[PDB]
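Each chain gets a letter, A, B and so on, in the order its sequence line appears, and its residues count up from 1.
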Amino acid sequence: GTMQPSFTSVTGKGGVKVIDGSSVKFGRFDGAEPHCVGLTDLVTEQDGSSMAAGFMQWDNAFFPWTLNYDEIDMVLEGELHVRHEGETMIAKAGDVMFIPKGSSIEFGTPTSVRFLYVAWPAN
Amino acid sequence: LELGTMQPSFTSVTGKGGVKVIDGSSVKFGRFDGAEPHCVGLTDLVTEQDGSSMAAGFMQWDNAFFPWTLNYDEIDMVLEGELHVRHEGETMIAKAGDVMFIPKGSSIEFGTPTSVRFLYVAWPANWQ
């Protein structure tokens, strides 16, 4: 159906932002079409952050991507499979993954996944 | 153990191309010296030595508040319990599943009234 990215948040007087993770609604990530892959950007350069952060969430899909920036991923639910130079790396719920700038990869999950990504630069 | 040995440790796998995966269940915490006299757990997992522009790791502790000044931007992902950050007098609470952004330069109080386990991701990676 309709997938508009949204989230509720609180920002303190000095700029500390807290995002309510339960409130996150996913937009479709166009770069993964024909698959329906969820992505919502939560922290951006508009917050004064050097790093971009957001959530991704999808079921049963793999898609190619080239990262022009470093990325750290934190798996909240399910499992994230990442394919790079032939090898598949798997991060299950509670695991942390680092993907280096310039990596041409396959992002995917054969089951389902929810994760936080943190990228540098924000641009 | 809070009055015992706290050696930071973690298991990981790294692919031929530099993609690294850390087994979160294997993380054992060191004491964060910057939180003393409180016993606060911290283990760095991703560092400039991995070729990373960002530093990342886990922190975990029970019932304790301590002061800290950040010379880096920090994104925090609360995995268990609750994180309370006080900045400019105001307390911000991030529960399990929530994300927090703390701007570079901020002098804060880090704490939890109960317990907390969370991931931090910091830029620059070489802030210390």
Side-chain angles (χ1 to χ4, degrees), chain A residues 12 16 18 21 72-76 91 93-98 116 118, chain B residues 1-14 20-48 50 52 54-128:
Chain A
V16 170
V18 180
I72 286 168
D73 298 312
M74 172 76 232
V75 183
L76 312 174
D95 293 352
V96 183
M97 181 176 287
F98 169 57
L116 173 81
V118 185
Chain B
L1 198 143
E2 298 179 17
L3 304 175
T5 296
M6 283 184 57
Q7 188 179 304
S9 193
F10 66 90
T11 305
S12 64
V13 187
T14 301
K20 194 185 187 184
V21 184
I22 291 96
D23 176 8
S25 68
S26 71
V27 174
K28 310 290 175 55
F29 296 85
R31 266 177 288 263
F32 176 49
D33 285 356
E36 291 278 14
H38 305 285
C39 183
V40 165
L42 182 136
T43 296
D44 286 306
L45 303 177
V46 180
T47 63
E48 59 195 310
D50 298 297
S52 182
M54 293 160 290
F58 292 169
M59 289 187 87
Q60 187 177 267
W61 72 95
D62 296 339
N63 195 16
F65 285 74
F66 64 94
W68 194 244
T69 293
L70 294 71
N71 302 147
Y72 50 90
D73 282 326
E74 175 162 304
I75 293 176
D76 291 327
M77 174 75 235
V78 186
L79 302 183
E80 306 173 358
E82 65 188 47
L83 182 60
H84 290 218
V85 158
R86 200 185 67 197
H87 185 226
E88 300 198 12
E90 298 192 328
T91 299
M92 322 296 293
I93 305 189
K95 299 186 169 66
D98 296 347
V99 176
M100 188 176 284
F101 168 59
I102 307 169
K104 178 194 175 188
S106 307
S107 287
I108 72 173
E109 182 94 330
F110 263 128
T112 182
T114 51
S115 60
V116 76
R117 179 186 177 86
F118 70 91
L119 174 80
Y120 58 92
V121 188
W123 188 84
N126 71 357
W127 57 269
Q128 297 174 59

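Between B/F110 and B/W61, the two ring planes are perpendicular [angle over 60°; tilted spans 30° to 60°].
The minimum heavy-atom distance linking B/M6 with B/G41 is given by the pair CE-CA, 4.0 Å. Contact between B/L119 and B/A56 at its shortest, heavy atoms only, is CD1-CB, 4.4 Å. Here the shortest heavy-atom pairing between B/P113 and B/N63 reads O-OD1, 3.6 Å. In this structure, A/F98 and A/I72 approach most closely via the heavy-atom pair CD1-CG1, 3.9 Å. Across every non-hydrogen atom of B/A125 and B/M54, the tightest pair is CB-C, 3.4 Å. Summarising the geometry of B/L79 relative to B/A96, their closest heavy-atom pair is O-CB, 3.8 Å, with the distance given to 0.1 Å.
Using a 4.5 Å cut-off on side-chain heavy atoms (C-beta onward), B/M59 and B/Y120 make contact. Within the 4.5 Å cutoff, the side chain of B/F29 has heavy atoms near those of the B/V27 side chain. Proximity of B/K20 to B/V13: side-chain heavy atoms (C-beta onward) are nowhere separated by under 4.5 Å. B/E2 is listed as a side-chain neighbour of B/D62, based on a closest heavy-atom distance under 4.5 Å. Side-chain contact check for B/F58 versus B/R117: some heavy-atom pair is nearer than 4.5 Å. By the 4.5 Å heavy-atom criterion applied to side chains, A/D95 and B/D23 are counted as neighbours. Contact check for B/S106 versus B/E88: no side-chain heavy atoms found under the 4.5 Å cut-off. Side chains of B/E109 and B/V85 form no contact here, defined as non-hydrogen atoms less than 4.5 Å apart.
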Please assess B/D50 against B/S52 for the test side-chain hydrogen bond (donor to acceptor under 3.5 Å, both in side chains), listing each intermediate value before the final yes or no.
CA-CA 5 Å; B/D50 298 297; B/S52 182; over 6 Å; no
Give the C-alpha distance, both sets of side-chain angles, the deciding distance and a yes or no for side-chain contact (heavy atoms from CB on, under 4.5 Å) between B/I108 and B/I102.
CA-CA 9 Å; B/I108 72 173; B/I102 307 169; 4.0 Å; yes
Full working for side-chain contact (heavy atoms from CB on, under 4.5 Å) between B/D76 and B/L83:
CA-CA 9 Å; B/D76 291 327; B/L83 182 60; 3.9 Å; yes
Take B/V121 and A/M74 through the side-chain contact (heavy atoms from CB on, under 4.5 Å) test and state the conclusion after the steps.
CA-CA 10 Å; B/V121 188; A/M74 172 76 232; over 6 Å; no
Start with the C-alpha gap between B/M100 and A/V16, add the side-chain angles, then the distance that decides, and say whether side-chain contact (heavy atoms from CB on, under 4.5 Å) holds.
CA-CA 7 Å; B/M100 188 176 284; A/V16 170; 3.8 Å; yes
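Note: B/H84 NE2 to B/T91 OG1 = 7.5 Å, rounded to the nearest 0.5 Å. The line from NZ of B/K28 to CD of B/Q60 is 12.0 Å long, rounded to the nearest 0.5 Å. To the nearest 0.5 angstrom, B/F65 atom CZ is 10.0 Å from B/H38 atom NE2.
At least one donor-acceptor pair closer than 3.5 Å links the side chain of B/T112 to the backbone N or O of B/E82. Using a distance-only test at 3.5 Å, with no hydrogens or angles considered, no donor-acceptor pair links the side chain of B/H87 to the main chain of A/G12.
For B/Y72 and B/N126, the side-chain atoms include no donor-acceptor pair closer than 3.5 Å.
By the 6.0 Å contact criterion, CD on B/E36 is enclosed, its count of non-hydrogen atoms from other residues, nucleotides or ligands being greater than 12.
Salt-bridge check for B/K104 with B/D73: failed, with every basic side-chain N at 4.0 Å or more from each acidic carboxylate O.
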